[PDB]
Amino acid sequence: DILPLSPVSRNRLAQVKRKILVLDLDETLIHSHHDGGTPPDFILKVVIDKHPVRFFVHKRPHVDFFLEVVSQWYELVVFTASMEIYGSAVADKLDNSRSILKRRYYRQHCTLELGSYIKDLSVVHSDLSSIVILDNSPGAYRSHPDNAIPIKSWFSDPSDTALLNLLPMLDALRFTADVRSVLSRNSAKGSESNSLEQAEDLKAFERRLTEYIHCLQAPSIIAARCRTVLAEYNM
């Protein structure tokens, strides 16, 4: 369920650092509500301030497939402003014994600023060339906009495919030496690059995308894995 890599891309991947994908929970991968219409995916029972509370949790469409794929490309880290008792239980259910969401950071690791919880990425990994955050609240990565992938907030829309639409970009991004080469772009000029090093990172980024676009001109077997990838990645 992952497109085959070219010999060039595979060699490039060995020449660059391993990368971390920081993942938010609420309105990014799940949406939940407590007591006070579709059946929830799971129900958490957590006691907070010694009062028992029920949370009905809905998974964003395709989150399990999404996590299965990106866990092959990045080290996944949960960074949430929720209380550990809640965030930890959600992560346990999301991980579902796959052992990909074992590293978590909760409210006690966020900085509060102008009513927003800031998730200081350097808490997770201070080499900012090799860390990325996927979060629906831009306030959460206010201190690291160059390392952020924004995503629409999700609450219930069953037709949402945003997690699927992120997969080829997240695939291509892991071939850069510095993720900021790509994420820092996203006023009058037409320059996407400001250095030869950034330009080389965009060449690598685009090379992987090229493998997506032209995968159908490959031999039988590679072409069959391509058709599978395109039919699965909502393209």
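Sequential numbering from 1, following the sequence displayed.
Deposited sequence between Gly36 and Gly37: 4 to 9 residues lack coordinates. Per the record, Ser191 and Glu192 are directly connected, with no deposited-sequence residue omitted between them.
Higher average CA B factor: 219 to 227, of the stretches 9 to 17 and 219 to 227. The PDB entry reports B-factors from which the mean C-alpha value can be compared for 114 to 122 and 100 to 108; the larger average falls on 114 to 122. For the set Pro52, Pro40, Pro61, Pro168, the PDB entry assigns the largest Cα B-factor to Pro52. Comparing the listed residues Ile48, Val182, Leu67, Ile30, the entry records the largest Cα B-factor for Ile48.
Per the deposited record, the Cα B-factor of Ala162 falls in the lowest third when ranked against the other modelled residues of its chain.
When the modelled residues of the chain are ordered by C-alpha B-factor, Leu128 sits in the middle third. Among all modelled residues in this chain, the alpha-carbon of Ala81 has a temperature factor (C-alpha) in the lowest third.
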